[PDB]
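Just the one chain here, the form deposited in one PDB entry, laid out as structure tokens.
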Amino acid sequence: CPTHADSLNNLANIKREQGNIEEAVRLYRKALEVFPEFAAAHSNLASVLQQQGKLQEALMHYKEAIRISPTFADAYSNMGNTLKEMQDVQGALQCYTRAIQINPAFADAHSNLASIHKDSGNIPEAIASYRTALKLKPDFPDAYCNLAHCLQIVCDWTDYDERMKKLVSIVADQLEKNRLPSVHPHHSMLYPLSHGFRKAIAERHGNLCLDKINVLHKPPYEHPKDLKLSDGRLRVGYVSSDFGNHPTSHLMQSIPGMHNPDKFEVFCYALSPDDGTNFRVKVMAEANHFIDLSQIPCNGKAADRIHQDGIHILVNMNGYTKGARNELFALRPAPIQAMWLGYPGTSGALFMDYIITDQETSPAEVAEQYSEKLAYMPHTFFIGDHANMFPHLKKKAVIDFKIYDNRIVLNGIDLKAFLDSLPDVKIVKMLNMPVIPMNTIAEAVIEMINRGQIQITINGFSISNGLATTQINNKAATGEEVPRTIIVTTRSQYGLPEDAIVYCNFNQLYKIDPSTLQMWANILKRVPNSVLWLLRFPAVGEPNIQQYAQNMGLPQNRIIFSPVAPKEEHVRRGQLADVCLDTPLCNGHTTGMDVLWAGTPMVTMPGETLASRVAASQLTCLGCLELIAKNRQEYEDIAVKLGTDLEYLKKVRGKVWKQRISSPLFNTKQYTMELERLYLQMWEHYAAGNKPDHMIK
């Protein structure tokens, strides 16, 4: 009876909108009892089966639906979503393209197709397909919010205010109707949403994990209440899909091996397979135990292994980023679960007990922004492995080509030995900076850069062109190895002016907004002999930024763009800039560590979100309170002063140059000891039985 099965199929659609997925599944199947050949019920059922993570069972029904109706457009589109979640992008494209073939005005299919182009880096095509979907279905929250992020990625500030209005309007309506918001938690930091809306957005994405774990019907775990089974050692589990060539490893790859084995037994749970890099190699060897959970796709079994290792503190290092398997935390295999480092924001979820932060990043007055309890680190929660990865940048030398410290720079492990082979090396006391005069040796190095040569030899020492590290040693270029040659870095390599202030920002473009660019324009107008240095990410955003800078009165030559470089070249070429202008909307957390390691001052204006306060937290730990702006006017004044008071710039540059070593910012050994003290506070608190409480102290 297709008529009764139709009633059940419509009722299931209604229950499906209300979030009652279990009942929707029960109603779709009942419709399939009344009407076995119901192609619509097969497809709708497969959709909710996909929501519950039962992807293989969903595909089976999608194909059953398409066997019944070979021209079922909705089935191909929905099946495409299941294949994309399965990482089969070619299969998803073929499904999406087949659906749009059957129904040229299939708004959902165009939006889904646009998602592939977005994830592929084909932003212009994603924009085109999202606009097509909105042209066919102007009321399309998914297509609008993802289109809004595409425009954010390319810095297209076209009708920005109105676009923000509609975004906030869409989230408020979705939060009011208990629907999953179309704005991603990671992206919410970029839009003028209330802190309540941001946490609510997170809270509902954290609840999605339950839909995938409730069908597992697993009982709660029994957690250890003492350290007797682990010989008095606290068992700490680090879960991350980024144990490899990923920024997170570039920050904390030394921490596992630096844990005190007398008090701690470190477990590293990879959610990703081995990518063959030394980062992965290092963590697998220095951790007491390395568990590749990518081999255990089922969260139930994977959660069992975590609990069966006796973990006391489980650390979430992904949040809502790619590769995250938060379902493992929704099952609570560990008595204490904490967010740390990986994700700049609240989980908004129940299972996460703590979030590891600091007083500067997350002052107590904004406790309402987070679902977790605040667990303060002593200075800053952030950390980087720069001291271990890029030691050749601990010292530098320059070439007096006329004394600048960022026009022609020499770095190397054997730098002093090479300088000791030269008879005319001068020193400028600040650690003091050695200067090479414009002699025969100096002309030889300059000749290499202009001629584009890869490297030369002087007094037996190899002198490498900074632009050609990959051709010399690819391991050195990715930061896997330390470059064994003396590297030359010149402003001339990147078209930077030799006699002008260079304000830089190597952050991704989506972190810039119209207000931020306006600040930078005000700074450039006030410092005439200066230019802005930006990263081509994505390259199609370069023309967008220029046009707006052009509207604000800045010629196109005042904004210099460089391509994305290898890790080592990115961190090393930061030495060429005078100042770093941080992005207030969302701070460059890893980028700030790279810039600070190069001895480049960074100006920042901490906002209210966690992502907007990391830069201020790093400088507070570094000991440079004069680079933290309380409002936009102070942000510009601080930047203009560094570009026009060259004596003040020299003082502030030497301050960062010294304190990057003397302050705890890059001291991973100290950071690990402080993190261990914090871990024990959490366990001592758990030993008493107290519920997770704030560790602000």
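Throughout, rigid core stands for the largest set of C-alpha atoms superposing within 1.5 Å between the two forms. In this text, residue numbers run from 1 along the sequence as written.
Below: the form solved in complex with a partner chain, not depicted.
Legend entry - Heavy atom within 4.5 Å of the partner chain in the deposited complex - the one residue of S347, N411, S254, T490 that qualifies: Looking at the other structure, the residue within range turns out to be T490.
Legend entry - Among the candidates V281, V482, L467, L134, the residue which, in the deposited complex, approaches the partner chain to within 4.5 Å (heavy atoms): Looking at the other structure, the residue within range turns out to be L467.
Inset, instruction - Indicate whether the partner chain has at least one heavy atom within 4.5 Å of a heavy atom of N432 in the deposited complex. - result: Close contact is absent here: in the deposited complex, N432 is far from the partner chain, nothing within 4.5 Å, heavy atoms only.
Inset, instruction - Answer for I454 alone: is it within 4.5 Å of the partner chain in the deposited complex, judged on heavy atom distances? - result: Answer yes; at least one heavy atom of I454 falls within 4.5 Å of the partner chain in the deposited complex.
Legend entry - Any non-hydrogen atom of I446 within 4.5 angstroms of the partner chain in the deposited complex: Looking in the deposited complex, residue contacts with the partner chain include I446, since a heavy atom lies within 4.5 Å.
Legend entry - the partner chain contact at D424 in the deposited complex, heavy atom, 4.5 Å: The answer is no: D424 has no heavy atom within 4.5 Å of the partner chain.
Inset, instruction - Considering the partner chain in the deposited complex, find the one stretch among 285-293, 255-263, 360-368, 492-500 with heavy atoms no farther than 4.5 Å from it. - result: Going through the listed ranges, the match is 492-500.
Legend entry - Comparing forms between the shown form and the other one after core superposition, the one residue of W533, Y320, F72, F279 displaced by 2 Å or more at CA: The displaced C-alpha is that of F72.
Inset, instruction - Taking the rigid core as the superposition reference, indicate whether the CA of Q681 shifts 2 angstroms or more between the shown form and the other one. - result: No, shifts by less than 2 Å.
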